[PDB]
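Just one chain follows, in the form deposited in one PDB entry, and it is written as structure tokens.
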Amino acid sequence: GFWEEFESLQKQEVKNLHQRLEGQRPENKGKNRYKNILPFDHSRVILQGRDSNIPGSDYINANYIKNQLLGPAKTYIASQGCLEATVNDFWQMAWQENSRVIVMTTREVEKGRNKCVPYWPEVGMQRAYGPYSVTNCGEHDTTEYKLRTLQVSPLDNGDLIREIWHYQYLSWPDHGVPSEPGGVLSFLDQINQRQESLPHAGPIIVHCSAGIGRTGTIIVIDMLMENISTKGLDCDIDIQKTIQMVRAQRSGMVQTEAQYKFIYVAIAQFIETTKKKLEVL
């Protein structure tokens, strides 16, 4: 009963075993959307090329996330959405990690709170973000999501160009989840095809506003789709264990009851549609 459940939750808890000193530093307060949603130090992304004499200079609110139920599948970075003060930091992260696919699970403003400052130029335009140039080479929309094709280079070396594929989900409800999972499944299918075409690509960057709710939901669904793709349709799927495994890497991943239930709904539909496709004729 109660005490057994409590002891189970306690044992499962690992927030007390992993510090978050860097994110709590007063020097980094303007770099966090929420003072209590912070990266673990052990798994945080450390920005390169920064001066250690500038307090906090290496900090971004983002963590590496791997499917650690597996023997050391794609890897991820779970990140918060940019603030004005952190747009350049975000590009430094994308460049240094060799990320070629970015998954943004929010609109910039969702009536009417700022969820992410934009970090791309408009179509056909080129902008500087710190030591990088970013060009928007085109936008292609579906009803639920947008693909923005970016080209990024160091400011000084325009000959060195990386294509980065920016997938933005547009129809995720504010303070809820999609009413059906088909849009997210289609989105993740496109993202997966792109990443698999780029075998040397770095981790996929996934972000929302705080980088734990929609971000954790998307990463967990994608991890389970990867397990099913690789291990097969009747492989063991343990959603609760997968969620705990991701929460050990960034606290609070999959934040709401609606998100938790949506993972089940999405994976159920993925399995059922996959089976139906196999059984045709």
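From 1 onward, residues are counted along the sequence shown. What we label the rigid core is the largest C-alpha set whose atoms superpose within 1.5 Å from one form to the other. Shifts are known only where both forms have a C-alpha.
One more form of this protein should be noted, the form deposited in another entry, which is absent from this view; the next part is about it.
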Picking from 268, 21, 17, 258, which residue has its CA shift by 2 Å or more between this form and the one not shown, once the rigid core of the two forms is superposed? 17
So the CA-CA distance for residue 33 and residue 10 moves by at least 3 angstroms in that other deposited form. Closer or farther than here? farther
Do residue 263 and residue 14 move together or apart in that other deposited form, judged by C-alpha distance changing 3 Å or more? farther
Displaced runs between this form and the one not shown (core superposition; 3 or more consecutive residues; every C-alpha shifted by 2 Å or more) cover 1-17
